[PDB]
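Chain residues, written in single-letter form:
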Amino acid sequence: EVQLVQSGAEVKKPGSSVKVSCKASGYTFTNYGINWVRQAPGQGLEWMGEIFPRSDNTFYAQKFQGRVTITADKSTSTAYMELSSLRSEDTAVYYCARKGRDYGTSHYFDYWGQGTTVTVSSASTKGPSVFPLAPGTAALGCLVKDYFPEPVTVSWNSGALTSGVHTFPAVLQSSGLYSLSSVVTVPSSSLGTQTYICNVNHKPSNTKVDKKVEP
Amino acid sequence: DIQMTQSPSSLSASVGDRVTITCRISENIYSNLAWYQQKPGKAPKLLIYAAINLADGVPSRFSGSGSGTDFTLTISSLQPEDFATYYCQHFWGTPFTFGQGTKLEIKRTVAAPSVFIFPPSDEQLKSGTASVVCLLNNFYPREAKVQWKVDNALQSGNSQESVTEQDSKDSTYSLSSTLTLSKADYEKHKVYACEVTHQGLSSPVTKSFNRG
Amino acid sequence: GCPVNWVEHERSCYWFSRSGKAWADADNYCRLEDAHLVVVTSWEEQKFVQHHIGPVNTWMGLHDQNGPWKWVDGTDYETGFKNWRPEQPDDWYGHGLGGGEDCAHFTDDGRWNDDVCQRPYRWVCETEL
Ligand SMILES: [Ca+2]
Ligand SMILES: [Ca+2]
Ligand SMILES: [Ca+2]
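Residues numbered from 1 in each chain as written, not as in the entry; some residues may be left out. Chains lettered and ligands numbered in written order. Heavy atoms only, no water.

Structure determination for this entry, per the PDB record, employed X-ray crystallography and reached 1.700 Å resolution.

In structure tokens form, the structure reads like this:
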């Protein structure tokens, strides 16, 4: 079985460099080009470059030339993509992909790494502030504001309350910190018979908040 | 770079429908074209290569056709697991380029949003910031306009929006809009309102509160 | 040394197609294989290619689309080895396919002919170790 396994998520300051690795297994590493493709949040796919490990020949998209370096280590069947002078627009999921081929017809990206999230930010690790969004049907929620980096998880009543829960994708504030809301609709008649608690976990900062939301 | 024009950018369809997605190329690439499927949080998956060949293990309901500058991905009978984003990609020279993507979403009946407005908490105000949240709950289609008004003054530039993915049970969307003001500005005004325009509402719906 | 299904000869690796492609499509395929359409610069290389293609029209990396005849890797054509069929290249327009002939192939006796680039001939990729 062919597998491409990438290094873990990276948080990088602007101006720094990131190096992402892509460990290939299950095939002859030198027989196929390794390609790097990135995807900014909510955007499409962008090819960055290719290395052929047999020859070490590389090809880069012009917009990254002088800024991207792709290398390959035949001894560990691992390819690397180093992107320097990072800027906010380099925040993306970076994929490696094998350029397979059917002999004499065409090429294709048949096996992909799992992706590596690279966040370029001048922010530092910060746990959220959690504020109540106070209420036949009543909506209540929690605003999970000013945290970094992604992600936070939100449950309600320790996971007992799942139906009608909507936890929204985070938005990036101009401060560089993320903010998101999680809401749940419940019967108005339940407000005096059931406590509602949003369970917020921000692992990067070891922040756990159990915020009671009352009328 | 070769230009890849994929159409449409978004498509609503029902399980069992035929779906066709087109990819127009700015120059002749013979059959050197691949199609991919991508689901949220996942790497793209190869569907079709050499324009018309079904990749190993991919269901035969997927088929590709075309050559040269005009290509089509067809899903003969849309399956529930097929709602995803689709990309074409050329393999002609360098740089490889992708189409901009076609997002296939689930068709359902129109559902008007339930709208809720939340004032900033006293807890947050203590920190000198005010966030006003407007919730649009379980609506369809996704298109929706939220307008913030502060004492009937139309706000612009101080709100951010976020939309959930289609609900796995009812195929609706929900939307959260946050209006951000300084604490000082929040206290200079009384009436905060979010006006919601949506196909399921005969007229825009306004939810508001008076600071207090 | 050379990848599986490639053939080594005099510090080059060669891949012989078993299917046909228009010249540009073959040129693209070799490029995406980290290679180029074969560039023939000696009798020894010519005979080696002949042995492997047999009596089959086969594209090489020689074309006159930039103006003069050029090899795809920049090797100089005029000072280099040439093995054209008699009275080739002729830029024939009588084939009915439109246009002249701008792409060189090995013919079934090994000597070269310029032909219409859209013909789906076999091809040879070459990469240098
Ligand atoms: Ca040669
Ligand atoms: Ca000619
Ligand atoms: Ca001729």
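Past the structure itself, the notes keep going.
### Re the coordination of the calcium ion (ligand 1)
In this structure, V39 of chain C (O), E45 of chain C (OE), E45 of chain C (OE), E126 of chain C (OE) and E126 of chain C (OE) serve as the protein donors to the calcium ion (ligand 1), at separations of 2.3 to 2.9 Å. Of note, the calcium ion (ligand 1) draws all its donor residues from one chain, in the sequence arrangement V-x5-E-x80-E. (Donors = N, O, S within 2.8 Å, 3.2 Å for Na, K, Ca; no water.)

### Thoughts on the pairing of strand 17 (residues 191–197) of chain B
Residues and elements named next belong to chain B. In terms of residue burial, strand 17 counts as a mostly covered element, since five of its seven residues are buried. With six bridges joining them, strand 13 (residues 145–150) and strand 17 adopt antiparallel strand pairing. Considered in strand 17, the bridge of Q147 is made with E195. Strand direction decides the pairing type here: strand 17 and strand 18 (residues 205–210), joined by six bridges, are antiparallel. Counterpart to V196 in the pairing with strand 18 is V205. (Buried < 20%, exposed > 50% of the residue type's maximum accessible area, 1.4 Å probe, protein only. Helix = DSSP H or I, 4+ residues; strand = E, 2+ residues; numbered from the N terminus. Pairing = 2+ DSSP bridges.)

### Section: the side chain of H95 of chain C
Residues and elements named next belong to chain C. Assignment of secondary structure puts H95 in the loop between strand 5 (70–71) and strand 6 (103–106). Judged by its relative accessible area of 13%, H95 is buried. For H95, the side chain forms a polar contact with the main-chain oxygen of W92, separated by 3.0 Å. Within the structure, the side chain of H95 is placed 2.9 Å from the backbone nitrogen of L97, a separation counted as a polar contact. (Polar contact = N/O pair within 3.5 Å; in protein donor to acceptor, adjacent residues only side chain to side chain.)

### Re the UniProt feature "binding site: Ca(2+) 2" in chain C
Residues and elements named next belong to chain C. In this structure's numbering, the residues bearing the UniProt feature "binding site: Ca(2+) 2" are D64, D91, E101 and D102. Judged by maximum C-alpha separation, these annotated positions cover 39 residues in sequence but sit close together in space, the widest gap being only 9.7 Å. Looking at where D64 falls in the secondary structure, it is placed in the loop between strand 4 (58–63) and strand 5. What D64 contacts, discounting residues up to four positions off in sequence, is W69, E101 and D102. (UniProt positions renumbered as here; feature names shortened; annotations may be inferred. Contact = heavy atoms within 4.5 Å.)

### Brief notes about the sheet that holds strand 8 (residues 70–75) of chain B
Residues and elements named next belong to chain B. If you walk across this open sheet you meet the four strands as 1-3-8-7, and the pairing is antiparallel. Strands with a single pairing partner mark the edges of an open sheet, and in this sheet they are strand 1 (4–7) and strand 7 (62–67). If you compare each strand with its neighbour and ignore which way they point, the axes differ by 15 degrees on average. Bridge analysis of strand 1 against strand 3 (residues 19–25) gives four bridges, and the strand direction is antiparallel. Across the sheet, residue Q6 finds its bridge partner in strand 3, namely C23. (Axes fitted to C-alpha atoms, helices over the stretch in contact; angles between N-to-C directions.)

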